[PDB]
Amino acid sequence: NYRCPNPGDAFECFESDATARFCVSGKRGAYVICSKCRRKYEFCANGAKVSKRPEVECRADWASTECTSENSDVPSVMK
Ligand SMILES: *C(=O)CCCC[C@@H]1SC[C@@H]2NC(=O)N[C@@H]21
């Protein structure tokens, strides 16, 4: 599976790296998230791609950002 789910479809993803930090940049701006599943979600939902310049677009300490429910959790269904 590699295609973004459609609105109303369950967002089903096997997490392999829950504590990985990613500076993503899309329609809601640039910010840090945690986990590969939330990284996939940010791409499908916000057009947020992993920054090629994370220290410029996020913060110099982006990789040390504490992972929380807010920056890690993925909605169960695609809005
Ligand atoms: C965007 O935020 C709107 C989402 C609407 C989802 C609806 S509200 C009623 C149903 N219950 C639920 O959990 N999701 C459905």
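Per the PDB record, the structure was determined using X-ray crystallography to 1.897 Å resolution.

By the naming in the PDB entry, the protein chain is Schistosomin, taken from Schistosoma.

Visitor: Give a description of the sheet that holds strand β1 (residues 21-26) that names residues and reports values.
Guide: Reading across from one edge, β2-β1-β3 is the order of the three strands in this open sheet, with antiparallel pairing throughout. The strands lining the two open edges of the sheet, one partner per strand, are β2 (29-34) and β3 (49-50). Taken together, the six bridges between β1 and β2 define a ladder with antiparallel strand orientation. Opposite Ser-25, over in β2, you have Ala-30 as the bridge partner. Helix α1 (residues 36-46) contacts β1, β2 and β3 of the sheet and is inclined by roughly 150° relative to β2.

Visitor: Residues and numbers for unusual backbone geometry, please.
Guide: For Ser-35, which is not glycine, the phi torsion reads 95° and is therefore positive. Its location among the elements puts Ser-35 in the loop between β2 and α1.

Visitor: Tell me what's going on with the pattern of salt bridges, and back it up with residues and numbers.
Guide: Inspection of the entire model under this criterion finds one salt bridge. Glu-42 is the partner of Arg-38 in a salt bridge, and the nearest nitrogen-oxygen pair spans 2.7 Å. Of this pair, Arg-38 and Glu-42 both sit in helix α1, four residues apart, which is roughly one turn of the helix. The same class applies to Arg-38 and to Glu-42, which are both buried.

Visitor: Could you give an account of the state of the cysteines, with specific residues and numbers?
Guide: Across all of its chains, the model carries four disulfides by this definition. A sulfur-sulfur separation of 2.1 Å characterises the disulfide bridge that pairs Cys-4 with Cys-44. Judged by the sign of its S-S torsion, about -75°, the cystine formed by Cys-4 and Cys-44 is left-handed. A residue pair is termed long-range when its members are at least 10 positions apart, and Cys-4 in the segment before β1 and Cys-44 in helix α1 qualify at 40 residues. Looking at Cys-4, the relative accessible area reads 36%, which means it is partly exposed. Shown here is the disulfide that connects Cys-23 with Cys-58, its sulfur atoms set 2.0 Å apart. Taking the sign of the torsion about the S-S bond as the criterion, the disulfide between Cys-23 and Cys-58, at about 90°, is right-handed.

Cut-offs and rules
- Residues numbered from 1 in each chain as written, not as in the entry; some residues may be left out.
- Heavy atoms only, no water.
- Pairing = 2+ DSSP bridges.
- Helix = DSSP H or I, 4+ residues; strand = E, 2+ residues; numbered from the N terminus.
- Contact = heavy atoms within 4.5 Å.
- Axes fitted to C-alpha atoms, helices over the stretch in contact; angles between N-to-C directions.
- Salt bridge = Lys/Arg side-chain N within 4 Å of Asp/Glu carboxyl O.
- Buried < 20%, exposed > 50% of the residue type's maximum accessible area, 1.4 Å probe, protein only.
- Disulfide = S-S within 2.5 Å.

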